[PDB]
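First residue of the sequence shown: 306, per PDB author numbering; consecutive thereafter.
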Amino acid sequence: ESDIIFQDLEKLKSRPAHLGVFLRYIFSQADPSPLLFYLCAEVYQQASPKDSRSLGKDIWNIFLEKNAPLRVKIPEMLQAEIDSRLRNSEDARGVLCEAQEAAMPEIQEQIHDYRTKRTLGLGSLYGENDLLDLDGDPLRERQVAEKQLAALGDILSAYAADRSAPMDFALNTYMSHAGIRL
């Protein structure tokens, strides 16, 4: 049930096609920072303590440092801990988890906003038609999710480089990790 999935981030994280639809809305109308950050932090806390070290660094430069392009604001106390660890290639899974919590409120609001778009019958503008194609078969879900990823890239092709590059990096970091690639 899409209604069930779009309502809960925890469910959405696990459903690539749905996440893709939601992302198309985000990329088109809202600030992609909180969710892309969340998705990257999510990948980080599940990466090989080798791939994470550099991923931690990208996460810092893209979302958390002073002039990050997809800046996510977090408590000064937390920002310091995260900076230190990621900088020293230390274990930031804990603090990043703390950071994710800080982004949740805005993500939730965006989740509400997208549901409003659905209530208004605007879901087709963001790939919801392809959701009809889902038939429990994982092969199908990968195919629908893929179509969304392709559409997100088209959305990004129109944005300024200092915005599309980091968004593309973050997006692909998650999708790739989710077994979805163009």
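We put the beta carbon where it would ideally sit given N, CA and C, even for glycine.
Exercise for review: Please report how far the alpha carbon of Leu444 lies from the alpha carbon of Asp435, in whole angstroms.
Suggested key: Position 139 of the sequence shown holds residue 444. Position 130 of the sequence shown holds residue 435. Each residue's Cα considered, the two are about 14 Å apart.
Practice item. Identify the continuous alpha helix (DSSP H) that holds residue 518 and give its terminal residues. Key: The requested residue 518 does not occur in the structure, where the chain is confined to residues 306 to 487.
Point to revise | Proximal residues to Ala475 (C-beta, below 6 Å), its chain only, five neighbours per side dropped | key: Residue 475 sits at position 170 when you count from the first residue of the sequence shown. The answer, listed in chain order, is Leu341, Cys345.
Practice item. Provide the residue span of the alpha helix (DSSP H) that contains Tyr330, from first to last. Key: Reading the sequence shown from its first residue, position 25 is the one you call residue 330. Residues 321-334.
Review point. Around the C-beta of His323, are 16 or more other C-beta atoms found within 10 angstroms, so that it is buried, or is it exposed?
Key: Taking the first residue of the sequence shown as position 1, residue 323 is located at position 18. By the 10 Å Cβ count, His323 comes out buried.
**Study point:** Local conformation of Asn393 per DSSP, three classes
**Key:** Taking the sequence shown and counting its residues from 1, the one referred to as residue 393 is at position 88. The three-state secondary structure of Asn393, taken from DSSP, is coil.
Practice item. Would you kindly check if the distance between the Cβ of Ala455 and the Cβ of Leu487 is under 8 Å? Key: For the purposes of this step, residue 487 is identified with residue 182 of the sequence shown, where counting begins at 1. For the purposes of this step, residue 455 is identified with residue 150 of the sequence shown, where counting begins at 1. In this structure, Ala455 lies closer than 8 Å to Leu487 by Cβ.
Point to revise | Own chain, CB closer than 6 Å to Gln405, minus 5 neighbours either side, in chain order | key: Position 100 of the sequence shown, counted from the first residue, corresponds to residue 405. These residues qualify, in order along the chain: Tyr343, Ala346.
Practice item. Evaluate the contact criterion for the segment 356-363 versus the segment 386-406: three or more CB pairs, one atom per stretch, below 8 Å. Key: yes
Review point. So is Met472 buried or exposed if we call it buried at 16+ other beta carbons inside 10 Å?
Key: Your numbering for residue 472 matches position 167 in the sequence shown. Label assigned to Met472: buried.
Review point. Roughly how many whole angstroms lie between the Cα atoms of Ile331 and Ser389?
Key: Position 26 of the sequence shown, counting from 1, holds the residue named residue 331. Position 84 of the sequence shown, counting from 1, holds the residue named residue 389. Their Cα atoms are separated by approximately 30 Å.
Check your understanding: What is the DSSP secondary structure of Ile379, reduced to helix, strand or coil?
Key -> For the purposes of this step, residue 379 is taken as the residue at position 74 of the sequence shown. In this structure, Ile379 counts as coil in the three-state DSSP scheme.
**Study point:** Alpha carbon of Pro337 to alpha carbon of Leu401, nearest angstrom
**Key:** Stepping through the sequence shown from its first residue, residue 337 is reached at position 32. Stepping through the sequence shown from its first residue, residue 401 is reached at position 96. In a straight line, the C-alpha of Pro337 is about 18 Å away from that of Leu401.
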